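The analysis underlying the following values was restricted to heavy atoms, covering all of them including side chains, and did not include hydrogens, waters or symmetry mates. Proteins get letters first, then strands, A, B, ... in listed order; numbering begins at 1 in each.
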There are 4 protein chains.
Amino acid sequence: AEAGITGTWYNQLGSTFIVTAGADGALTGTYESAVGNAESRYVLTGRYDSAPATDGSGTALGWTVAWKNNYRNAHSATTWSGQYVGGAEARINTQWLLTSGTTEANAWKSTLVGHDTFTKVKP
Amino acid sequence: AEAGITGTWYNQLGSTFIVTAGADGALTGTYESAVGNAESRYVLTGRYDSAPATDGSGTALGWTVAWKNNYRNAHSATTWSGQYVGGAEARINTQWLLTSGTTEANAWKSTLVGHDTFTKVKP
Amino acid sequence: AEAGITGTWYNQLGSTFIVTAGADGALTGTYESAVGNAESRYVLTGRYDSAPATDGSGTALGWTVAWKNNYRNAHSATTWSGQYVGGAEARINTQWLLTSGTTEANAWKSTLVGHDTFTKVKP
Amino acid sequence: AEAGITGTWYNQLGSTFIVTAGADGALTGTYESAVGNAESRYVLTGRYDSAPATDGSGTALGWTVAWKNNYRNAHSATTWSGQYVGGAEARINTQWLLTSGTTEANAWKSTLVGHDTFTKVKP
Ligand SMILES: O=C1N[C@H]2NC(=O)N[C@H]2N1
Ligand SMILES: O=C1N[C@H]2NC(=O)N[C@H]2N1
Ligand SMILES: O=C1N[C@H]2NC(=O)N[C@H]2N1
Ligand SMILES: O=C1N[C@H]2NC(=O)N[C@H]2N1
């Protein structure tokens, strides 16, 4: 976990995120999305639960990226929830929720759901 | 947004979270869950997209809580994605993803999805 | 269950659905949405698991509505997954997935997620 | 669509489902799950929106399976929402919601979310 999480990860869409897993569960870094109403790097922050594991389970973690930087303001935020699996072919398997700011009338259609798999190799 | 987000919020399950929205999109605080394999306060970190809004839309945001503290280690993490609506009756409407660390065989059933509504009044 | 499910239900958005729960787990009926790219009634079909319950649990069920009828073709379909709780104030609590047909390039943003609560009284 | 949907499909977990897409949007068939609290074949019913497409988009569809048959009663139901893409390598990409019947107290943790990709070849 932690040490193994720190580094650069790539997903199936071509996005990249670099993260540092701190000793006490913190995750800090940047995310660069290959799709969307995103351009450049965005700040990301999250947490992971280690003290994960005498039965080779994954380490649960999650992070958030608000899609605003000095080049774009997409008025939305995405949260990724999943687990890290280390080893030869380590990966982070996730499901994400992307919410856009809407008027109350369109709040029912404000959230998209999807999944992403990240590897240390691209892809 | 930001100023309006800062404070204590309560949801329909009886959980409470106190957060500080920093000038540049950061969200930091603690979460205390009324249900689950949670006991006491857990650290939370997230982001919000302001610079939100000439058409009274909500402010998109998200945060993560790893369910580990000095009393419990639930080997899981939850991410909440939604938007803040201010005013007389301000609220944060969210959808969440709770992922538990599993063995590869049970990874298909590792994530729960739900929704929570937070108000400044309980509830 | 079954008998209790049969009838007209209304949700918080003003939609209405009438369903018949058949003896062997089938659910058939129509749905009329108050929002969206929907107009009039659409056919719905689903299933419920009864033989549900010596510990007052809910009955799990789900149904699908393809948003095409003789007035509109929204090129999308919604599935609702949840459980029925009977009694004085019976309700069906659900989470739904709305998928739109997209080109491969936009498939990552093809699905919306939300939740709806249905009651026998409106609302 | 329709004709192309009819047939046997296999997903990454080893499950199999055979379906018939009827002329007017109906989907009927059986599902056999390789995981879970499932054993044998279960009935499935759903809908698809064709009249799908001068820009090679997918056909939106969804179906439900209640996990009860003459060998098992798992007190749960799963709904799959996604789209069919035909061609050389046709597939059905989905996201699913599995809800279990719970007591009111555990209703917050009643639904699991995941995703499955089905192909005509296994896998
Ligand atoms: O890498 C990405 N994953 C997807 N989810 C999201 O929010 N934007 C897309 N980019
Ligand atoms: O407040 C809570 N909301 C629910 N989601 C979650 O992760 N635990 C529960 N507690
Ligand atoms: O009643 C409705 N619920 C929401 N989900 C959906 O698919 N359309 C909306 N209408
Ligand atoms: O094929 C399967 N997909 C998964 N979702 C589900 O409900 N059970 C599992 N089996």
Side-chain angles (χ1 to χ4, degrees), chain A residues 1 5 21 24-27 44-52 57-66 77-84 92-99 111 113-116, chain B residues 9-19 27-48 60-69 71-84 92-102 106-107 109-118, chain C residues 95 113 115, chain D residues 97 106-114:
Chain A
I5 295 168
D24 304 292
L27 293 182
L44 80 80
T45 186
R47 313 282 298 166
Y48 65 101
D49 184 332
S50 218
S57 290
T59 293
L61 48 77
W63 65 89
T64 303
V65 172
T78 298
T79 55
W80 283 259
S81 179
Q83 52 182 328
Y84 160 73
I92 297 182
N93 294 118
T94 66
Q95 275 275 193
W96 48 262
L97 291 176
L98 188 174
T99 298
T111 312
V113 60
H115 53 83
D116 290 327
Chain B
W9 300 86
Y10 310 90
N11 67 19
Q12 77 281 357
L13 294 161
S15 299
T16 303
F17 87 80
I18 300 99
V19 63
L27 293 182
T28 46
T30 55
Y31 198 99
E32 19 271 270
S33 189
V35 307
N37 201 44
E39 186 209 348
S40 204
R41 308 170 201 125
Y42 298 83
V43 169
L44 80 80
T45 186
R47 313 282 298 166
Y48 65 101
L61 48 77
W63 65 89
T64 303
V65 172
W67 300 110
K68 179 183 180 302
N69 62 12
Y71 299 79
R72 197 155 177 109
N73 191 339
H75 315 288
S76 61
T78 298
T79 55
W80 283 259
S81 179
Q83 52 182 328
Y84 160 73
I92 297 182
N93 294 118
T94 66
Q95 275 275 193
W96 48 262
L97 291 176
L98 188 174
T99 298
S100 302
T102 62
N106 293 314
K109 49 182 299 303
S110 65
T111 312
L112 293 167
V113 60
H115 53 83
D116 290 327
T117 301
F118 297 89
Chain C
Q95 275 275 193
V113 60
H115 53 83
Chain D
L97 291 176
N106 293 314
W108 67 274
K109 49 182 299 303
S110 65
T111 312
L112 293 167
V113 60

query: Looking just at side-chain N and O atoms, do B:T102 and B:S110 make a donor-acceptor pair shorter than 3.5 Å?
result: no
message: The criterion is side chain to side chain contact (heavy atoms under 4.5 Å, CB included); which residues satisfy it with B:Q12, sequence neighbours excluded?
response: B:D116, B:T117
- prompt: So does A:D24 have more than 12 non-hydrogen atoms from other groups sitting under 6.0 Å from CG?
  reply: no
- prompt: So, for A:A66 and B:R47, which heavy atoms are closest and what is the spacing to 0.1 Å?
  reply: CB-CB, 3.7 Å
message: Let me confirm one number: the CH2-CG distance from B:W63 to B:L27, rounded to the nearest 0.5 Å.
response: 8.0 Å
task: Side-chain contact test, heavy atoms from C-beta onward, threshold under 4.5 Å: evaluate it for A:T64 versus B:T64 and give yes or no.
output: yes
query: Nearest heavy-atom pair of B:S76 and A:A60: which atoms, and what distance?
result: CA-CB, 3.5 Å
- line: Residues A:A77 and B:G62: closest non-hydrogen pair is CB-N, 4.4 Å
message: Using a 3.5 Å distance criterion without hydrogens, assess whether the side chain of B:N73 forms a donor-acceptor pair with backbone atoms of A:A51.
response: yes
task: Report the distance from atom OH of B:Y31 to atom CH2 of B:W67, rounding to the nearest 0.5 Å.
output: 6.0 Å
For the student: nearest non-hydrogen atoms of A:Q95 and B:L97, plus distance: O-CD1, 3.5 Å
- prompt: Quick one: CG on B:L112 to OG on B:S100, what's the gap to the nearest 0.5 Å?
  reply: 6.5 Å
- prompt: Does one side chain, of B:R72 or B:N37, offer a donor that lies under 3.5 Å from an acceptor on the other?
  reply: yes
- request: Would you give the length of the straight line joining atom CH2 of B:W9 to atom CD1 of B:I18, rounded to the nearest 0.5 angstrom?
  value: 12.5 Å
message: Between B:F17 and B:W96 (judged by ring centroids, cut-off 6.0 Å), do the two rings come close enough to count as a pair?
response: no
- line: Shortest non-hydrogen pair, B:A34 vs B:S15, comes out as N-OG, 2.9 Å
message: What I'd like to find out is whether the side chain of A:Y48 reaches to under 4.5 Å of the side chain of A:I5, using heavy atoms alone.
response: yes
field: Short side-chain to backbone donor-acceptor contact, B:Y71 and B:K68, under 3.5 Å
entry: no
CG on A:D49 to OG1 on B:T78, rounded to 0.5 Å: 10.0 Å
Residues which pass side chain to side chain donor-acceptor pair (under 3.5 Å) with B:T111, listed by chain and number, not counting sequence neighbours: B:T99
task: Verify, without hydrogens or angle tests, whether B:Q83 (side chain) and B:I92 (backbone) share a donor-acceptor contact under 3.5 angstrom.
output: no
- prompt: At their closest point, which heavy atom of B:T94 faces which heavy atom of B:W80, and how far apart are they?
  reply: OG1-CD1, 3.4 Å
